[PDB]
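Just the one chain here, the form deposited in one PDB entry, laid out as structure tokens.
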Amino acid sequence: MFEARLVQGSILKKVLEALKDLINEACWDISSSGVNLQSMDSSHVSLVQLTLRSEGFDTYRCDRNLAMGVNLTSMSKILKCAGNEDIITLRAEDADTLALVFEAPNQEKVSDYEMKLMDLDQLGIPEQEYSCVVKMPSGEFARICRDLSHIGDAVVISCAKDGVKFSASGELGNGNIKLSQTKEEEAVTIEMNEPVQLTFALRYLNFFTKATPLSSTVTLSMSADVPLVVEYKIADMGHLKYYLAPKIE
């Protein structure tokens, strides 16, 4: 038996809203340490990695390590029935279904759902040092990608110790954004150690941006010929990293 309790139900709500259109099916991998999800997107370009930790949950227990294939879209549906202040409570029974329990606080309302669960079959993500690491705000990164998605299909991200520039070009013109190294946690911090210039796909960056309601900031980690890492930290919980290789032939 596995029964984890999360006071911050909105966190689950937001995770699933993020991933629901990115992947359709994913193997949540339940452990003594916490929850882990590693997957490639349906078109097998980007790579998602979610980590939630025992310590984050109000209550956590896991007597057998589980490997649940879940339909992201169906879980999205079931969680959408939860208020953004409910105490979601996940539970299984070494397992054919996944039980969810929403508990709206300060109201005698209690919801109790069971999701049909899938048979699904990992992958490698080597923690490595990155040439440059921008910690900017989530809203601004979102904004920037949204806007440049109307000029071109791809984005050119250039970095150095003075600031970060994001560029794009299409049939309908040319465009540049220039952010400068900058107080209240709403500032840019480039810690670049090497001349990093990389091109990525705005479709998939915009897919990444949906985790924005999870963090006020977002870090972008990158080096030559190495998949970009967009990470949104969750809280006490771990993180929701996104990996995208730049386009080269």
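One rule holds for the numbers: they count along the sequence shown, beginning at 1.
From this point on, the text means the form solved in complex with a partner chain, which you will not see here.
In the entry with it bound, its partner chain stays beyond 4.5 Å of every heavy atom belonging to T59.
At least one heavy atom of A245 is located within 4.5 Å of its partner chain in the entry with it bound. Residue contact with its partner chain in the entry with it bound: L47 places a heavy atom within 4.5 Å of it.
A residue is said to contact a partner when one of its heavy atoms sits within 4.5 Å of a partner heavy atom; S43 meets this definition for its partner chain in the entry with it bound.
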